[PDB]
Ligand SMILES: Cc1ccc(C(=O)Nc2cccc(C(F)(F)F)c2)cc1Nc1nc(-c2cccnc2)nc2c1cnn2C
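Below, in structure tokens: the form deposited without the named molecule, a single chain.
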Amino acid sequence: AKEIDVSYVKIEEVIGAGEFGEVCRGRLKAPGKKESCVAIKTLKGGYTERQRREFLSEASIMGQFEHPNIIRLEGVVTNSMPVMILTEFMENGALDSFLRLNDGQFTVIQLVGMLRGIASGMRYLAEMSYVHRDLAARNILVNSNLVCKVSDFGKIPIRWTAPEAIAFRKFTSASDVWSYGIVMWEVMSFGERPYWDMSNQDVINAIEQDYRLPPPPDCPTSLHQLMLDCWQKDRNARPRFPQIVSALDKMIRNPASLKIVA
């Protein structure tokens, strides 16, 4: 399962913290192949065997996929210690903090391009019969060219979760579509927190009582309408991911249509 020799890996710098330990930037150089940059997740410090399997489960799931908007697995280090998962390196990190750092600094067309890449990744996952269950801007990673990629493949996130998934634990691609509408709102608000200071139960009650998040400042009305479509209470009325990609493609082709704002 893409086991890799430790001698091919060089850790360069600690760049983050994950669920099981540190996240590093490094270099991967294998015989016959050019050197490449990688993100490296390590598991160390006296962990349980169940934690080890949970850590590696992410690599097992990620390695099933191949798509330009899904984080690519380079391989794993399991025959030695520390245990490692190596993925493609994403120079701009998580999308929510990246947009907060750059508030107001990208154009509508750039933001729509980011959303189109996320929707293409989700279109692929839904076609593979994979339900993500935690689609949120904090789980989207951004490269140097602003390409956005779905991550996090290995405590219900209430404000991202469709009401039938909260109430009945029925998670489907249609519940991921609800989450995608929340992501659209996060992107067009440059990384604001969904529902601001409302509590989890306040959010559940408001949604059941027909409240929906309003258009972010300067947000094209056509983008907010697509959000409202993703947030229909009846899961069977929501658009499917192929339809979402098509709608965003039309906006990119007809940028004049993004001029109407509330």
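Definition used throughout: the rigid core is the maximal C-alpha set that superposes within 1.5 Å between two forms. A residue's number is simply how far along the shown sequence it sits, counting from 1.
Same protein, other form: the form solved in complex with the named molecule, not shown, and the subject of what follows.
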Label the site open or blocked after overlaying the named molecule from its pose in the deposited bound form onto the shown form by the C-alphas around the site (blocked when 3+ ligand atoms sit within 2.4 Å of backbone or C-beta). blocked
Which is the contacting stretch out of 191-199, 227-235, 211-219, 66-74, given heavy atoms within 4.5 Å of the named molecule in the deposited bound form? 66-74
Quick check on this chain: which one of 56, 207, 223, 39 has a heavy atom within 4.5 Å of the named molecule in the deposited bound form? 39
Could you spot which one of 179, 173, 151, 120 gets a heavy atom to within 4.5 Å of the named molecule in the deposited bound form? 151
Check whether residue 43 has any heavy atom within 4.5 Å of a heavy atom of the named molecule in the deposited bound form, and answer yes or no. no
With a cut-off of 4.5 Å between heavy atoms, is residue 185 one of the residues that contacts the named molecule in the deposited bound form? no
Interface membership of residue 132, the named molecule in the deposited bound form, 4.5 Å heavy atom rule: yes
Examine residue 28 and determine whether its closest non-hydrogen atom to the named molecule in the deposited bound form is within 4.5 angstroms. no
Just give me the residues of 20-34, first to last, that have a heavy atom within 4.5 Å of the named molecule in the deposited bound form. 23
Using the rigid core as the fixed frame, list which single one of 208, 66, 218, 35 shifts its Cα by at least 2 angstroms between the shown form and the other one. 35
Is residue 229 displaced by at least 2 Å at its C-alpha between the shown form and the other one when the rigid core is overlaid? no
Superposing on the rigid core, do we see a C-alpha displacement of 2 Å or more at residue 248 between the shown form and the other one? no
So that I can tell if residue 21 moves, could you say whether its C-alpha shifts by at least 2 Å between the shown form and the other one after the core superposition? yes
